[PDB]
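In what follows, one protein chain appears twice in different forms, each by itself as structure tokens: structure 1 and structure 2.
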Structure 1
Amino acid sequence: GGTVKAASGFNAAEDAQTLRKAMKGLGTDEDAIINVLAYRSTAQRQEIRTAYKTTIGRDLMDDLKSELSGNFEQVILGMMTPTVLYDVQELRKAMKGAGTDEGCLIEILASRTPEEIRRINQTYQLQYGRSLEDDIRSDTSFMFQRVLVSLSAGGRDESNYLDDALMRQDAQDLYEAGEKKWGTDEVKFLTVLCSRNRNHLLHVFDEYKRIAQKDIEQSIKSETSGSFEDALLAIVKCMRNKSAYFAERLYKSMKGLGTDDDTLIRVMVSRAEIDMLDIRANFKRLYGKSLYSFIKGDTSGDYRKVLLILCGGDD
């Protein structure tokens, strides 16, 4: 499960007072801020925002924004945003720039369940006046656009039903699409990849290996390239092992000179109370080093401090 849990003996107004005292005056007590916000669940954080206003008379987000800066501010504000809205905002941000952050689009649209995808669509439209699909259509192109549009519909079957005839026809279709460099009959291979339930799909992947004598992932890496390749692979990885998918996003955001702070922040904030314990297990297995030591080595200051707390511990 997750690493961040709801605190016991919770008193929103006592917390509001603590935050105010940490920010009042010239400067800021970042550690007092961390010791409160990082040890509360998102729901509790929302209760602190409400109490701050009602008890302090101030808007908490405005103070956090004016008081903090940099990546630290980015992490903290991320932690303060209600869950569905955070995804909606990250999606919006990924599209509006000189160039789209296609990785963010894939990461979210591929790893979210049907119910989460439904909430995101409703909130996005409410918040921006247009549907997520319209913006995807506006900022992305070709086969990559088409894949994201399918995922955005969120129509994946949730039962565990297996139709044997269907499974064999399905692997056959993926095999043909692949033979055709995943370029024709987009509607056929997308239907399989996006609509079929997990159990059925996992079987389709096994039937595919027999038909192709090659794993689906190697076929994709071969017959495909660019963002379209990353999208297809993300779907396959999230169906097989989603937590291993996130461990890999985290690994690639820190591996090498520099860091992709945006990705590191979004994954740590968004998955902290969901499957961080699992992401950690797969990170260790896959990379031989714990997530903790990677973050610890790629970051510094308060930013790092709050990131390690979201990590939860060493492995």
Structure 2
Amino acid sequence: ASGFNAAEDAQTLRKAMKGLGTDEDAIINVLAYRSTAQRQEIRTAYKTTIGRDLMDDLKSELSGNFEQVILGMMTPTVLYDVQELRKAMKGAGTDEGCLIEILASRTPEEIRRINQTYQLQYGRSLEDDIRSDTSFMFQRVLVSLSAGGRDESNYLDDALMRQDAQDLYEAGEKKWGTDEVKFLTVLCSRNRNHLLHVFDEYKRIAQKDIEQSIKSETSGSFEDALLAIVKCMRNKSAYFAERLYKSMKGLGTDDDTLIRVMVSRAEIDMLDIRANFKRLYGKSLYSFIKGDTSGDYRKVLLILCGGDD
């Protein structure tokens, strides 16, 4: 008896959190079927209408993975990335995979926004934290990416493109070892169109794909970062399909990654992620999530997925 009404959604959620226990299905039936933008209007309407803070109430009413997914869904796009990078770096351990996932997949523009926001939210620069929590070549790649200075044009410099391919090839022909800085320079600095052309040229002169050379010539998180960049440049949806596969295959589940990817990409390219997932693994993302998770947690996850393939 109306279209999208933030106030009405606010009432549904409040009712769901009232009384003994919590009607999580009511919560899902609303939030999982609203856009990130709409969820922000709901937060505003809830505080206006109820005089309480929606995020605080959700946190006090929910727990575990279900809580993590719902709160993630409720967080504005930029702030979610910022809070995920911070979480990746707090504590003794560092979630380098998360750092790579975010820094290799977001545009230089989105990264610049994440930068300023990181600074305002915590008081330190994203770069400083990266420098403190990572080292050597991997640190350098992240420092470059985090600054968001990658060429944003679509300009193709023929001469430079040919030289880049050569430098990359020669980098894997050095006696002492792989001239890793070359990979960093080319893969972190050039614009997409230029890089994609460089990959073709590389293939021509080396008779091998850049990805296979990266896998045999480099290792560790540095290797992962380069691969992430290449994959995100060529077929970003496939990169996330793989990310999701790795988080669910074999004993257990990397819930942090599973949740972040499903939440962050739900409104961006989930359909294409699903297509690539089935192509790569023969199974549908839906079937994988369904058999690797459970509870209301699984329910919201399957909905973010969108349906079986």
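Residue 1 is the first residue of structure 1, and the numbers go on in sequence order from there. Only the largest set of C-alpha atoms that superpose within 1.5 Å between the two forms is called the rigid core.
Of the residues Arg168, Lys188, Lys93, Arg137, just one CA atom moves 2 angstroms or more between the two structures under rigid-core superposition; it belongs to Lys188. Superposition on the rigid core between the two structures places the CA atom of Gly178 2 Å or more away from its counterpart.
Lined up on the core, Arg156 has its CA atom moved by 2.1 Å between the two structures.
Relative displacement of the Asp215 Cα between the two structures on rigid core alignment is 1.2 Å.
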